[PDB]
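Enquirer: Structure below; questions to follow.
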Number of protein chains: 4
Amino acid sequence: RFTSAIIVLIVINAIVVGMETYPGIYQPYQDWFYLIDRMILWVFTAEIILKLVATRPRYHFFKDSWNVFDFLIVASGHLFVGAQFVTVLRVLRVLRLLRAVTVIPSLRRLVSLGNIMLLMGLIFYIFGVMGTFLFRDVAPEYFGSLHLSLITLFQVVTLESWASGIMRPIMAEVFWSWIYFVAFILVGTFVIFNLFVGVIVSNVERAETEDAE
Amino acid sequence: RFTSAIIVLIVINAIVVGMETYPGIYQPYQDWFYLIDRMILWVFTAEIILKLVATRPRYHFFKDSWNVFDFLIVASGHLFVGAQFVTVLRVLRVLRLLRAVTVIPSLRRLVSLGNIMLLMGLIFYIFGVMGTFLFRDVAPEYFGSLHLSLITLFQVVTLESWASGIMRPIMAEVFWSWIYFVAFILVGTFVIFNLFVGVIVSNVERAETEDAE
Amino acid sequence: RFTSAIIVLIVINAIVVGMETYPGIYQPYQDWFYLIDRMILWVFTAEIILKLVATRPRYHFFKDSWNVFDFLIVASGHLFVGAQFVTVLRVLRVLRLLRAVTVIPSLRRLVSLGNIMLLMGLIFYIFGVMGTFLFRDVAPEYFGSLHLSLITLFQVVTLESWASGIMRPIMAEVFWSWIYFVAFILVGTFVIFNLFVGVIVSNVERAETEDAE
Amino acid sequence: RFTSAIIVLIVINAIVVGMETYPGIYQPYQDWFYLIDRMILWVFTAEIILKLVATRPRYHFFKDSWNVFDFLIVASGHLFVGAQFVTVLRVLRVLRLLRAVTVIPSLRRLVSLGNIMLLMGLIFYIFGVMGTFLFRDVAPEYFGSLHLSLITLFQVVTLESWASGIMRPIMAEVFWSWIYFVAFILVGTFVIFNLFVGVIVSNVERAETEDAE
């Protein structure tokens, strides 16, 4: 019943945080949700404390990642409303909704690429700098800076409005721009496909390892 | 021949409902399709009744989901044209075209995510509220409300016009907006891929279970 | 050498057809490509005839689909330039480039859904008619007609500009329009994924059947 | 330590090339990065030379593709700043960042379609020419030329703004244009899916061959 009680509050406070967003609800029942917040934080501190002793020596609790998360989460919520950064700590309190992941199984269940990731990162950097020198002057919004180039090239990998929005217009100035992007799309696309082809093989392999165990 | 006769009418009435849409056809042969509708509903009531007795004791019919569906469908079509909600019941009559699914096999053949679905739902809620507070004032159409945020964030997951349509314009006001969406896209995208990676493993597993049976 | 000779011409005439497109090239070497066309058609008729006798009794040739294709293709190209439909037959001549598929292996190599396809078709028809009645008046371009609805709903399945281009604007008039499309997208998307999940299982199964053979 | 030393410089020069992009940084520390470039090129020439002798007889070095790449890369960087094409050789120097791929394993690890690729290429050519004759006059930007048609048809395969951006507008002039594109999309899409269905089967097969070895 302990866990169920906690999971319940999480959902309850979770829905309340959404109500706290509405400026309207805030005028009438501003305090009501305010107090309920103080109450939940308290019950959670008590919960955390209990768990601490029960975990085994207090140490073990600090060993578990899920527990430490719940600890840190509650800690931030504990910090007085006022503070150097009243707002940030105030907003980070919403992170407690993440408690839902820890408290309930399965979710945690769901929650080998580095190599390819690094290669791709290198690729983006290369084309990012090249693109900047190639279209920054004429297209300052997209290619103006290295960071602007990074974001635009990420947009093209997602293939969102790459032609109509980016390439077609750029071709007006530079007819050969297609030479730059088509190849980029091919390489980027190709890697992504292989990446997936690799994640699933490791997936199926895990299934077999599971049967062995 | 009984089933074939029924499947035939379904297709016939199915094509007629499409004709009933055209205001033009309505003027000339309005009545012709009108009468054909009354006739089909009748033959279907007779059909349903027959099935009821044949199913075994009348009970069994009420046991089958496909049969109950056909029952409820026909029932709605039975309700007099006029009624409190003449229109709704009148439009719901089109649901009888769904009879095609029940009557013919295979279709029914085609017709383990909850966990991930819940996690994602939680995620959208979190970002939905955050986005509302972050861009609602400046971007009332997209972020104005919690529900508006939900729809816009769903659009970005589909990756449709996220950059050109949403992000680029939002960056004008908030340059850091990219920090909010890129991460969102990664998380959302990542889950989706894993979700698929899981549905297919359960799929292939079913294939093996089938051979065992 | 016979086949190689034929494959060569195909590629040669194939490149020529592309040149025949340019109005410029047409002025200078209009005749040159014109004559080369007559020559190739002739050599192909001779080829077809030879094959006919060689196939075994002439009959067998008419048994093979690839051969009949090549036959029909050449036949159309044989029809005099002038005719009732000088243009159509003239343009259909380009179909001979398809000879490349027949003549060369592998291509033919590359070149269980019906059930789902039918279900989906039914689905589109249902929503197509519903959409027409729902937004045709206000949105005649997209929903104006049943066929217009079909094309727009196909666009949304491809997920191309569904929100920014279609849904967002439609919401201006109808705020609940999202209720109609989101569900549509889910159903359509879901089926597509399962469809793929099925094509690949049949694919892998074929691989195993191949090893058995 | 030798390799680590080299991998380090690569990353260091890699970050410097990105700084060399900024016109601002260029004014203050233009020379500083300039000299560091000369120094790295030197250490790399020495590196290449050492490897040459160590490879076994100098020959073997010239046998390895990775080594030859590193050789050619450095060679271009060696060419004096000034030259017939001062700029091109100057820009190609960035290719040395590719050294990262050679020097570090894994990347190289990541780095059976021809048949389908050829078929698709043929397909694009066919539709490319047809599209040109069909919409070039009215739509010169998209269909104006054979090459313009190629790029636009590639855009539609990516499914980016095909309807809203291309098809819808084209329908204004030609209502039947949908007949041309829908089929194109189906064929192109279908092949792509099968292509993937084939790459992964070869992938999984390699996994099995690996266990055999």
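In the structure tokens, the first chain shown is A, the next is B, and so on; residue numbers restart at 1 for each chain, and ligands run from 1 in the order shown.
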Find the residues around residue 72 of chain A up to 12 Å (only C-alpha atoms counted), leave out those fewer than 5 positions away in its own chain, and share them as number ranges by chain.

Expert: A: 44-45, 48, 62, 65-67, 77-79, 89, 92-93, 95-96, 98-99

Enquirer: Just write the chosen residues, C-alpha atoms, as a JSON list (two decimals), in the first residue's frame.

Expert:
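Final file, out_2.json:
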```
[["chain", "number", "residue", "atom", "x", "y", "z"],
["A", 44, "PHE", "CA", 7.89, 12.55, 0.30],
["A", 45, "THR", "CA", 10.65, 13.65, 2.66],
["A", 48, "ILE", "CA", 12.71, 9.16, 1.54],
["A", 62, "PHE", "CA", 22.92, 6.03, -1.72],
["A", 65, "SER", "CA", 20.53, 5.36, -8.79],
["A", 66, "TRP", "CA", 16.74, 5.42, -8.66],
["A", 67, "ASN", "CA", 16.84, 6.24, -4.96],
["A", 77, "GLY", "CA", 11.83, 20.81, -4.10],
["A", 78, "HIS", "CA", 12.90, 21.30, -0.50],
["A", 79, "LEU", "CA", 14.90, 24.45, -1.24],
["A", 89, "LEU", "CA", 14.68, 25.85, -8.45],
["A", 92, "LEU", "CA", 12.94, 22.29, -11.47],
["A", 93, "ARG", "CA", 10.47, 21.10, -8.84],
["A", 95, "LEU", "CA", 11.21, 17.16, -12.11],
["A", 96, "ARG", "CA", 9.50, 15.27, -9.29],
["A", 98, "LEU", "CA", 9.91, 11.93, -13.02],
["A", 99, "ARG", "CA", 9.39, 10.06, -9.75]]
```

Enquirer: If the cut-off is 7 Å, can you tell me the residues of chain C near chain B, counting only C-alpha atoms? I'd like them as a VMD selection string.

Expert: chain C and resid 115 to 116 119 129 159 to 161 163 to 164 197

Enquirer: Would you output that residue set with N, CA and C atoms, as a PDB file, in the first residue's frame?

Expert:
```
ATOM      1  N   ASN C 115      -5.194  -8.211 -48.480  1.00  0.00           N
ATOM      2  CA  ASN C 115      -6.046  -8.126 -47.299  1.00  0.00           C
ATOM      3  C   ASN C 115      -5.969  -6.758 -46.628  1.00  0.00           C
ATOM      4  N   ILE C 116      -4.779  -6.385 -46.170  1.00  0.00           N
ATOM      5  CA  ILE C 116      -4.592  -5.097 -45.509  1.00  0.00           C
ATOM      6  C   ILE C 116      -4.901  -3.951 -46.461  1.00  0.00           C
ATOM      7  N   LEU C 119      -8.550  -3.371 -46.575  1.00  0.00           N
ATOM      8  CA  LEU C 119      -9.002  -2.744 -45.340  1.00  0.00           C
ATOM      9  C   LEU C 119      -8.700  -1.254 -45.376  1.00  0.00           C
ATOM     10  N   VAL C 129     -15.379  10.218 -47.440  1.00  0.00           N
ATOM     11  CA  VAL C 129     -16.742  10.729 -47.502  1.00  0.00           C
ATOM     12  C   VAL C 129     -17.049  11.607 -46.295  1.00  0.00           C
ATOM     13  N   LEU C 159       2.203  12.102 -44.309  1.00  0.00           N
ATOM     14  CA  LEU C 159       2.567  13.028 -43.243  1.00  0.00           C
ATOM     15  C   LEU C 159       3.227  14.295 -43.785  1.00  0.00           C
ATOM     16  N   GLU C 160       2.982  14.603 -45.055  1.00  0.00           N
ATOM     17  CA  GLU C 160       3.576  15.788 -45.662  1.00  0.00           C
ATOM     18  C   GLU C 160       2.707  17.032 -45.497  1.00  0.00           C
ATOM     19  N   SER C 161       3.200  17.977 -44.701  1.00  0.00           N
ATOM     20  CA  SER C 161       2.503  19.235 -44.444  1.00  0.00           C
ATOM     21  C   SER C 161       1.085  19.035 -43.920  1.00  0.00           C
ATOM     22  N   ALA C 163      -0.006  19.072 -40.715  1.00  0.00           N
ATOM     23  CA  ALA C 163      -0.323  20.043 -39.675  1.00  0.00           C
ATOM     24  C   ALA C 163      -0.281  21.483 -40.174  1.00  0.00           C
ATOM     25  N   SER C 164       0.912  21.960 -40.512  1.00  0.00           N
ATOM     26  CA  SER C 164       1.079  23.329 -40.987  1.00  0.00           C
ATOM     27  C   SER C 164       0.215  23.638 -42.203  1.00  0.00           C
ATOM     28  N   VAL C 197       5.997  -4.998 -40.989  1.00  0.00           N
ATOM     29  CA  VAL C 197       6.339  -6.076 -40.077  1.00  0.00           C
ATOM     30  C   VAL C 197       5.983  -7.428 -40.694  1.00  0.00           C
TER      31      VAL C 197
END
```

Enquirer: Would you mind reading off the distance between atom CA of residue 130 of chain D and atom CA of residue 146 of chain D, one decimal, in Å?

Expert: 9.1 Å

Enquirer: What is the distance, in Å and to one decimal place, between atom CA of residue 39 of chain C and atom CA of residue 16 of chain C?

Expert: 12.9 Å

Enquirer: Extract, using only C-alpha atoms, all DNA, RNA and protein residues at most 10 Å from segment 175-180 of chain C, discarding same-chain residues fewer than 6 positions from it, and format them as an mmCIF file with C-alpha atoms, in the first residue's frame.

Expert:
```cif
data_model
loop_
_atom_site.group_PDB
_atom_site.id
_atom_site.type_symbol
_atom_site.label_atom_id
_atom_site.label_comp_id
_atom_site.auth_asym_id
_atom_site.auth_seq_id
_atom_site.Cartn_x
_atom_site.Cartn_y
_atom_site.Cartn_z
ATOM 1 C CA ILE B 151 -0.808 19.268 -30.702
ATOM 2 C CA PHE C 127 -12.949 9.009 -43.982
ATOM 3 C CA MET C 130 -16.813 11.945 -43.901
ATOM 4 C CA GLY C 131 -14.158 14.554 -44.598
ATOM 5 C CA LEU C 134 -17.091 17.937 -42.825
ATOM 6 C CA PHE C 135 -14.835 20.411 -44.639
ATOM 7 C CA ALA C 163 -0.323 20.043 -39.675
ATOM 8 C CA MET C 167 -4.818 20.762 -40.042
ATOM 9 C CA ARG C 168 -3.671 24.073 -38.528
ATOM 10 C CA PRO C 169 -5.564 26.121 -41.154
#
```

Enquirer: Enumerate the residues of segment 89-190 of chain A with a DSSP assignment of helix (DSSP H, G or I), computed from the backbone, and present them as JSON, numbers by chain.

Expert: {"A": [89, 90, 91, 92, 93, 94, 95, 96, 97, 98, 99, 100, 101, 102, 103, 107, 108, 109, 110, 114, 115, 116, 117, 118, 119, 120, 121, 122, 123, 124, 125, 126, 127, 128, 129, 130, 131, 132, 133, 134, 135, 146, 147, 148, 149, 150, 151, 152, 153, 154, 155, 156, 157, 162, 163, 164, 165, 166, 167, 168, 169, 170, 171, 172, 173, 177, 178, 179, 180, 181, 182, 183, 184, 185, 186, 187, 188, 189, 190]}

Enquirer: Which polymer residues have any atom within 12 Å of an atom of residue 61 of chain A, counting only C-alpha atoms, with same-chain residues fewer than 3 positions away left out, as a PyMOL selection string?

Expert: chain A and resi 48-58+64-71

Enquirer: With distances taken over only C-alpha atoms, which residue among C:133, C:193, C:2, C:59 lies nearest residue 46 of chain C?

Expert: C:2

Enquirer: By how many Å are atom CA of residue 121 of chain C and atom CA of residue 144 of chain C apart?

Expert: 19.7 Å

Enquirer: Mind checking which residues fall within 7 Å of residue 157 of chain D, counting only C-alpha atoms, ignoring those fewer than 4 positions away in the same chain, and posting them as an MDAnalysis selection string?

Expert: chainID D and resid 153 185 188
